[PDB]
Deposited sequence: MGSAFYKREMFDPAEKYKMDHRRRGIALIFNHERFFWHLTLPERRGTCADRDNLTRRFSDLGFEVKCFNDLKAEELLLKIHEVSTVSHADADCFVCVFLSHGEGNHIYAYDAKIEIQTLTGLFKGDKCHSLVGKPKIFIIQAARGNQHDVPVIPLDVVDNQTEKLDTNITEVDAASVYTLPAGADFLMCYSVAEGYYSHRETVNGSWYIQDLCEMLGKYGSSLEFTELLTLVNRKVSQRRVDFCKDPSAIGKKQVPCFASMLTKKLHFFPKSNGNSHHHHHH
């Protein structure tokens, strides 16, 4: 019958793939600023997800064609033996788009590759996108970017996680990494293997939104609060218990 506490079956041979697309620099014609600190984010995410059982694959500064090719490749292999799929974007963005090295890519194109009829072996399984992307400004310094990327939904069993909501600001420390990724990774490390994942994301919401912007080193950044959000199309409770 109908089960109020039903969980995604996470008893497969493998947890699954976690893809990370990391962008630090951009083709000069795009006139986008470098993203110092993003490599800290990449490393942090890599440890957390690998500790959760994911097979983590990182890609640095791919051109759009290369990026599309790689994600299409992954969408077309069998995930039959996997619990789930994770995809992380660390870049600048605008509207429905995230930037690769040389051009933008639509988020809907990326998520569309993992919808039911495109990726049968992921049907009914969690498909999690984590997006750290905002408006590029055209030792440890905090850079502040206006929210620009739409907090888009996707298909059933997708979970779309965004560093920042409309009207707020994304922060990135050049040594320590992004506020959002730091707090996400801290929560993953402590609670990732026990807490329901949207419960955990809610903790991240609290952590990030409570960071004070009262007295920034850069006075221009005062009052520029960060509020993350996630859009859930999940249909069951999601845990990452040790396999």
The record leaves without C-alpha coordinates the deposited-sequence stretches 1-9, 148-166, 272-282
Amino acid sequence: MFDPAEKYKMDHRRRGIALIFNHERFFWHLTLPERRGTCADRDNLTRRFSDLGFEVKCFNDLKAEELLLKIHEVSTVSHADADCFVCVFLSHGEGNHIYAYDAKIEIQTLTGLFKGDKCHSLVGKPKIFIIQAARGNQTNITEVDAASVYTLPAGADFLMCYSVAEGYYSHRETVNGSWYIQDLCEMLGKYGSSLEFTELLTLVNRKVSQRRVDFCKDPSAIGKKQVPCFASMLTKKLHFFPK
From here on, numbers count along this sequence of modelled residues.
Output yes if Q138 is unmodelled in at least a third of the other compared entries of this protein, no if it is modelled in all of them.
yes
Comparing average C-alpha B factors as deposited, tell me which of 200-208 and 185-193 sits higher.
185-193
Would you determine, from the values in the PDB entry, which of 12-20 and 229-237 has the greater average C-alpha temperature factor?
12-20
Among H92, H120, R172, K127 - the residue whose C-alpha B-factor is largest in the record
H120
Maximum C-alpha temperature factor per the entry, among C87, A134, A80, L110, belongs to which one?
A80
Considering every modelled residue of the chain and its Cα B-factor in the PDB entry, is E166 in the lowest, middle or highest third?
lowest
Once the chain's modelled residues are ordered by C-alpha B factor and cut into thirds, is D157 in the lowest, middle or highest one?
lowest
Relative to the other modelled residues of the same chain, rank the CA B-factor of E106 and answer lowest, middle or highest third.
lowest
Please rank the C-alpha B-factors of the chain's modelled residues and tell me whether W28 sits in the lowest, middle or highest third.
highest
Where the record places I98 (Cα B-factor, split into thirds across the chain):
lowest
